[PDB]
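**Q** My questions will all concern the structure given below.
Each answer follows from the model by the rule given with it, or from the source it names; nothing here is a laboratory result. Methodologically, a virtual Cβ is constructed for each residue, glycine included, from the backbone with ideal geometry; neighbour enumeration extends over all protein chains shown.
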Amino acid sequence: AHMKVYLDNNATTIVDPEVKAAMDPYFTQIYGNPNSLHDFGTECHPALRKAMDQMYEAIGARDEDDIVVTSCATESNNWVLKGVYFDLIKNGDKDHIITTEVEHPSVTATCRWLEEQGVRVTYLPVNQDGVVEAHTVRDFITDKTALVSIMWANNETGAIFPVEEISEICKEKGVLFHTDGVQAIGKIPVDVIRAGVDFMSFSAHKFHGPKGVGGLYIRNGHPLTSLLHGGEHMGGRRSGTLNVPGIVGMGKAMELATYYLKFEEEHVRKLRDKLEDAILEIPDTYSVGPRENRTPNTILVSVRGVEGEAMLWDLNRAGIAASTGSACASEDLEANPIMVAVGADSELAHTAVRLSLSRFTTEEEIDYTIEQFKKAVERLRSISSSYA
Amino acid sequence: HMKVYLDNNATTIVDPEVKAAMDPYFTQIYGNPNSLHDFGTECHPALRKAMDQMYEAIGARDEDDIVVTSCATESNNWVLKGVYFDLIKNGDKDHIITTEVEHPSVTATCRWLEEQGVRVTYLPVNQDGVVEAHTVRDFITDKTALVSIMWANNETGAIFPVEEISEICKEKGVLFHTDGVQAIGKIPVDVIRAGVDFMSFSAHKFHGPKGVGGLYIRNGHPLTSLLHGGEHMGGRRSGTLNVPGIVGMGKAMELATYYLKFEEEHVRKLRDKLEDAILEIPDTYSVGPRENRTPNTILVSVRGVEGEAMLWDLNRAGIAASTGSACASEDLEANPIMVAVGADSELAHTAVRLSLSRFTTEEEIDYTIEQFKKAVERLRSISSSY
């Protein structure tokens, strides 16, 4: 750890000092319950209104739409999946869900449990670009499909899904469309009306907000049975005393994320490209997924000499925080060897190194990471008896 | 003028040292605890210390589970719906016993379970504002899946005989969950002596932050996850850990037990002073026996006035309080009293709930006494019958 460098921003992000400052009053100086009628309780009402406005503005939601504050994206995904199961499957003509193999565990495990409930779930596999196209979803949609849940952008590869076209074919078929959009906020333009989604999950700590607060966008206030029954919080859709610090911080963080989008597309993209080109200069390295369809902050590198986990541990010893992603060998149309995204459960899956930048990444960090990455690849290939 | 917070049963101020314990885990220590790198594991000792504080504060054993939730509402929904799924939808049971006085996260979940065909007994509450054990035993059927009775009531402060309810629950082999949100920091909390199988709690009720709660699961008993997915909290509740919330909740529970043992007299004495002063006003009635009430709570019914009008006038005077449902009755001696009632009852009227904390000062209490008398006379000269 001759220099501490955080390149695991797809797992979580630092709370922006401005977000922390916006949250700070709502612990001990402003602590009343927003549901109380006295001045202590209503004191925090303007802050909650401004935070809700910031959320509506950041994702382009209209006034008729709902944004329900949850505790995390996991709660949002469980809510969408189980509510649609309860409304349209247990109490409708449906019994089928379409999703992908690369979804976050809060989606995949919920879907396996719904399968345990007799729900048909199609886990659509991912293509050589690391996404699922609209025509595939149309090929698998029958008249008994209740919901299509396809993430907006992938957390392992950064691959951006064609959510607008998927929503077009869903609207043609009259099928509800939910997207796990956790990786989208702060990384790509987010307009829930232009994406045409009916449901959208997000999580504040993925864009420099605090942990313990997330959200679910619901188009047109569409009915969806509550996951948390009880008090009339959040228009009666999600009960529990409002996490006032979390809400204020999430609104501020989403506003900042929208502001920094041009900076993330310019400077952060430039630093990501520098790191990726430098790494790809190493022989027998393969970047998973096309850059032209990738979030500007993410790289997923497969090295055929070294294992991914040992690479991660060496990187940590050098003070660099990174993570893993699943990949497998394939070939392009010229038949040149490439590494493509794969579901983690796949026989064919090996471990690749995921490096994810933020708006706080510096070129000094990038140069140091390049040096340490080259050193680690050479160290771990020099011990192998097999690498050619 | 003076601004005085006496609605501590609704929420509490975050203890300054709890805030200080939370402070580093936003921008100085932000890694994901599930990550393997040093950024992620940096917060591990703090998380272990917080879990230790929680286990210690409620007397949980090592074989027991304490799962961090987002709020007590999530804990209650998890218990009720998970037991419905395990023993009712996928078992031979179809009956739940609870009370009319439960928090909405219990009663509304139970109404939804009724919509699912579950038979739910909302046990009525007695003149002390609690439900006794023999009633629960009388209502336990061979198909009863769960008994959910809150530890202490949030409107009246009445403490339920949870240990004896658990004795008769074990005798009948019925799982026992308690909403213990009002219990922590107000009464001794030992989950082994209460014999409960499930216990819900919420940090902001005892000077922790909002947005973090817990579910105690005695002896790791199976309970289908409400939040599937990530393999968090021993696989029982998914989602990235609310690290500031967890640290603060542990610190707050430790402080709550410390001030329960050390300063029971201060809060109890100021509550007693305020309540004696108020009951000195003619035609005032304190709901529920003091000897079975949490030491910080008063629920006063004032004849002539509406509970809401009293709350409004106190708020105009800078005093924050809340309401509780009550109705007129008589004791065995036959004098008139006000007893606890479910809010939905046609016969229920509104009473003023005043709830102290360890931060209440005697100046606040004296000011509240003076302003309470002033409000009673202000609004009684306005009363149409009094």
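**Q** Output the residues belonging to region A:348-370 that are without any contact (Cβ under 8 Å) to a residue 60 or more places away in the chain, out of contact with any helix residue (DSSP H, G or I) (no Cβ under 9 Å at 6 or more places or on another chain) and surrounded by 15 or more Cβ atoms within 10 Å (Cβ to Cβ).
**A** A:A349
**Q** Surrounded by 20 or more Cβ atoms within 10 Å (Cβ to Cβ) and within 14 Å of chain B (Cβ to nearest Cβ): is that true of A:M250 in this structure?
**A** Considered against the rule, which asks whether it is surrounded by 20 or more Cβ atoms within 10 Å (Cβ to Cβ) and within 14 Å of chain B (Cβ to nearest Cβ), A:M250 comes out as yes.
**Q** Taking B:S166 as the residue in question, decide whether it is part of a strand (DSSP E or B) and of a type in the set (S, T, Y).
**A** no
**Q** Is at least one residue of region A:180-196 in the same structural domain as A:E255 (by CATH), touching a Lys or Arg at 6+ places or on another chain (Cβ under 9 Å) and not in a loop (DSSP other than H, G, I, E, B)?
**A** no
**Q** Answer yes if at least one residue in region A:54-62 is buried (at least 24 other Cβ atoms within 10 Å of the Cβ), under 15 Å from A:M151 (Cα atoms) and in contact (Cβ under 8 Å) with a residue 60 or more places away in the chain, and no otherwise.
**A** Looking through region A:54-62, none of the residues is buried (at least 24 other Cβ atoms within 10 Å of the Cβ), under 15 Å from A:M151 (Cα atoms) and in contact (Cβ under 8 Å) with a residue 60 or more places away in the chain.
**Q** All but one of (1) crowded, with 24+ Cβ neighbours inside 10 Å; (2) among the hydrophobic types (A, V, I, L, M, F, W, C); (3) free of Cβ contacts under 8 Å to residues at least 60 places away in the same chain hold for A:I169; which doesn't?
**A** A:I169 satisfies every listed condition except (1).
**Q** Does region B:101-110 include one or more residues that are of a type outside the set (G, A, S), in contact with a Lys or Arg (Cβ under 7 Å, 6 or more places away or on another chain), surrounded by 20 or more Cβ atoms within 10 Å (Cβ to Cβ) and within 14 Å of chain A (Cβ to nearest Cβ)?
**A** Going through region B:101-110, the residues of a type outside the set (G, A, S) turn out to be B:101-104, B:106-107, B:109-110.
Next cut, in contact with a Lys or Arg (Cβ under 7 Å, 6 or more places away or on another chain) only: B:109.
So of that shortlist, the ones also surrounded by 20 or more Cβ atoms within 10 Å (Cβ to Cβ) come out as B:109.
Imposing the further condition that a residue be within 14 Å of chain A (Cβ to nearest Cβ) reduces the set to B:109.
Among the residues of region B:101-110, at least one is of a type outside the set (G, A, S), in contact with a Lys or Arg (Cβ under 7 Å, 6 or more places away or on another chain), surrounded by 20 or more Cβ atoms within 10 Å (Cβ to Cβ) and within 14 Å of chain A (Cβ to nearest Cβ), which makes the answer yes.
**Q** Being over 15 Å from the mean Cα position of the chain (by Cα) and assigned to a strand (DSSP E or B) is the filter; apply it to region B:275-296 and report the residue that is nearest to B:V376 (Cα to Cα).
**A** The extreme case among them is B:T284.
**Q** Residues that are within 14 Å of chain B (Cβ to nearest Cβ) and under 30 Å from A:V15 (Cβ atoms): does region A:326-343 have at least one? Let's see the steps before the verdict.
**A** Filtering region A:326-343 down to residues within 14 Å of chain B (Cβ to nearest Cβ) leaves none.
Looking through region A:326-343, none of the residues is within 14 Å of chain B (Cβ to nearest Cβ) and under 30 Å from A:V15 (Cβ atoms).
**Q** Could I ask something else about it? Out of (1) within 25 Å of the chain's Cα centre (by Cα); (2) more than 12 Å from chain B (Cβ to nearest Cβ); (3) farther than 30 Å from A:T100 by Cα, what's the single condition that is false for A:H45?
**A** Result: A:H45 passes all but (1).
**Q** Right, something else. Search region B:291-319 for residues being among the aliphatic types (A, V, I, L, M) and within 10 Å of another protein chain (Cβ to nearest Cβ), and hand back the single one that is surrounded by the fewest Cβ atoms within 10 Å (Cβ to Cβ).
**A** Among those that are among the aliphatic types (A, V, I, L, M) and within 10 Å of another protein chain (Cβ to nearest Cβ), it is B:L314.
**Q** Right, here's the next one. Can you find even one residue in region B:19-37 that is hydrophobic (A, V, I, L, M, F, W, C) and either under 17 Å from the mean Cα position of the chain (by Cα) or more than 28 Å from A:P105 (Cβ to Cβ) (or both)?
**A** yes
**Q** Mind checking which residues of region B:199-251 are under 28 Å from B:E163 (Cβ atoms), among the hydrophobic types (A, V, I, L, M, F, W, C) and assigned to a helix (DSSP H, G or I)?
**A** Of everything in region B:199-251, those that are under 28 Å from B:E163 (Cβ atoms), among the hydrophobic types (A, V, I, L, M, F, W, C) and assigned to a helix (DSSP H, G or I) turn out to be B:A203, B:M233, B:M249.
**Q** What number of residues in region A:253-274 are surrounded by 24 or more Cβ atoms within 10 Å (Cβ to Cβ) and within 14 Å of another protein chain (Cβ to nearest Cβ)?
**A** Of the residues in that region, 1 qualify.
**Q** Filter the strands (runs of 3 or more DSSP E) completely within region B:93-163 down to those with at least 3 residues that are outside the structural domain of B:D331 (by CATH), touching a strand residue (DSSP E or B) at 6+ places or on another chain (Cβ under 7 Å) and free of Cβ contacts under 8 Å to residues at least 60 places away in the same chain.
**A** B:95-99, B:119-123
**Q** Mind checking which pairs have a first residue in region B:223-247 that is more than 7 Å from chain A (Cβ to nearest Cβ) and a second that is β-branched (V, I, T) and part of a helix (DSSP H, G or I), Cβ under 8 Å, 6 or more apart or different chains?
**A** B:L223/B:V79; B:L223/B:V83
**Q** Name the single residue that is surrounded by the most Cβ atoms within 10 Å (Cβ to Cβ) among those in region A:11-40 being within 7 Å of chain B (Cβ to nearest Cβ) and assigned to a helix (DSSP H, G or I).
**A** The residue in question is A:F40.
**Q** In region A:297-331, what residues are in a loop (DSSP other than H, G, I, E, B) and either within 19 Å of B:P33 (Cβ to Cβ) or touching a strand residue (DSSP E or B) at 6+ places or on another chain (Cβ under 7 Å) (or both)? Explain how you work it out, then say what you get.
**A** First, pick out the residues of region A:297-331 that are in a loop (DSSP other than H, G, I, E, B): A:297, A:304-307, A:318-319, A:322.
Residues satisfying the conditions are A:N297, A:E307, A:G319, A:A322.
**Q** Output the number of residues of region A:255-287 satisfying the condition of being in contact with an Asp or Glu (Cβ under 8 Å, 6 or more places away or on another chain) and not charged (D, E, K, R).
**A** Residues that pass the stated criteria total 4.
**Q** If you go through region B:78-86 one residue at a time, do you hit one that is within 13 Å of another protein chain (Cβ to nearest Cβ), in contact with a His (Cβ under 6 Å, 6 or more places away or on another chain) and not in a loop (DSSP other than H, G, I, E, B)?
**A** Within region B:78-86 (the criterion being within 13 Å of another protein chain (Cβ to nearest Cβ), in contact with a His (Cβ under 6 Å, 6 or more places away or on another chain) and not in a loop (DSSP other than H, G, I, E, B)), the answer is yes, since at least one residue qualifies.
**Q** Taking region A:197-213 as the search range and keeping residues that are out of contact with any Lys or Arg (no Cβ under 9 Å at 6 or more places or on another chain) and not basic (K, R), which one is farthest from A:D66 (Cα to Cα)?
**A** My answer is A:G212.
**Q** Quick one: which residue in B:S286, B:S322 is closer than 22 Å to B:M2 by Cβ and not assigned by CATH to the domain that holds B:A183?
**A** B:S322
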